[PDB]
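Only one chain comes next, encoded as structure tokens, the form solved without 2-(4-fluorophenyl)acetohydrazide (45Y).
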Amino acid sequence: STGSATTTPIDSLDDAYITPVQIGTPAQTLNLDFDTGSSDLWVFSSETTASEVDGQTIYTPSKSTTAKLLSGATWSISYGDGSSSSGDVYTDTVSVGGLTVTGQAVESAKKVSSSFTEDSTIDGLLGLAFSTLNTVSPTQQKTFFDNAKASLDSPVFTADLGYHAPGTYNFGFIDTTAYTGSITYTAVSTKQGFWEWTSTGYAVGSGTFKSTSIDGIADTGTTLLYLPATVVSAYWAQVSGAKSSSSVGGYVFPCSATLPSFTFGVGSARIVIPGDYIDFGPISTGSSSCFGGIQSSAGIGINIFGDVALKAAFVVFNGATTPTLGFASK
């Protein structure tokens, strides 16, 4: 089997991407944030505290003839950005782009943090990291991909995120028309539950490539590119007037600037992030100070190849017995 679904930016900045997902019988379609940095499929629901729902579409398990309470199971998750959610668990039929999993754990939110409430466009998350990170207790549950894998034509999914445009998540096949050149594959460590890999270095603009190992995670659920402070300083030094602002929470730059590109290495291959992908717009409405899309990972404890990086590539998440990651230009 295979599946293919379009993923759409939630706003003009590409702050996140939403993908429609069919849950239950008859189908209830929710727009979920596919997140290769976590491993829970959770949704706003009829059980979510009413004051914490503001415009989201909810899953109502009582209206699904295939929903079953997973007795005694609860979940609770906290994300790197400080947001969180928790609740109980149903199993139900879940389909993405024509690919169907029966008996998928659907984690129903009883509580969500303010950041989730305040974002009316995201109805929940669909985790695509390794199932070892799943938070369901006392019986850990499998991700949608893990459940689908054996049935897929090939045990892979691909992320093809757009810049200020829709893109595609495919399951079970590699669309050879969706990228240019070849796909370069690179080793993955699953030790921390992430799609963790080592970039071979970077360049800023038309500058020389610096060969240096940068361990980090491929994370579709993180907006920005978080890299070591040395790398980030080298980038922003090429933008007149750019500075790190403790009050804003990262590097800012004059909105009048033209940003240089940023290149990262994948083995001997190179992925070029155009400068415009690094512009996250005014820090507040009407400001001439703009927020940067490359930020320091210092104090995160891990480097994160988030959407800024991934949307410059066609990315293969290869879930073979020994997982790997592939990157192609596009």
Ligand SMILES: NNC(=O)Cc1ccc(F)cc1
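The numbering used is simple: start at 1 and walk along the sequence shown.
Of the two stretches examined, 317 to 325 and 5 to 13, the record assigns the greater average C-alpha temperature factor to 317 to 325. Relative to one another, 264 to 272 and 293 to 301 have unequal mean CA B-factors, and 293 to 301 is the one with the higher figure. Sorting 53, 278, 32, 27 by the CA temperature factor given in the entry leaves 53 at the top. Which of 120, 200, 223, 230 has the largest Cα B-factor in the deposited entry comes down to 120. In the deposited entry, the Cα temperature factor of residue 219 sits in the bottom third of values across the chain's modelled residues. Split the chain's modelled residues into thirds by C-alpha temperature factor. Residue 112 is in the highest one. Looking at the C-alpha B-factors along this chain, the one for residue 99 belongs to the middle third. Per the deposited record, the Cα B-factor of residue 65 falls in the highest third when ranked against the other modelled residues of its chain. Placement of the Cα temperature factor of residue 172 within the chain: middle third of the modelled residues, per the deposited record.
The form solved in complex with 2-(4-fluorophenyl)acetohydrazide (45Y) is left out here; the points below concern that form.
The three residues 79, 219 and 300 all sit with a heavy atom within 4.5 Å of 2-(4-fluorophenyl)acetohydrazide (45Y) in the bound PDB entry. Heavy atoms within 4.5 Å of 2-(4-fluorophenyl)acetohydrazide (45Y) in the bound PDB entry are found in exactly one of 95 to 103, 211 to 219, 141 to 149, 234 to 242, that being 211 to 219.
Proximity of residue 37 to 2-(4-fluorophenyl)acetohydrazide (45Y) in the bound PDB entry falls within the 4.5 Å heavy atom cutoff. Shown alone here, residue 194 lies within 4.5 Å of 2-(4-fluorophenyl)acetohydrazide (45Y) in the bound PDB entry, counting heavy atoms only. In the bound PDB entry, at least one heavy atom of residue 304 sits within 4.5 Å of 2-(4-fluorophenyl)acetohydrazide (45Y). Residues of 248 to 281 that come within 4.5 Å of 2-(4-fluorophenyl)acetohydrazide (45Y) in the bound PDB entry, judged by any heavy atom, do not exist; none qualify.
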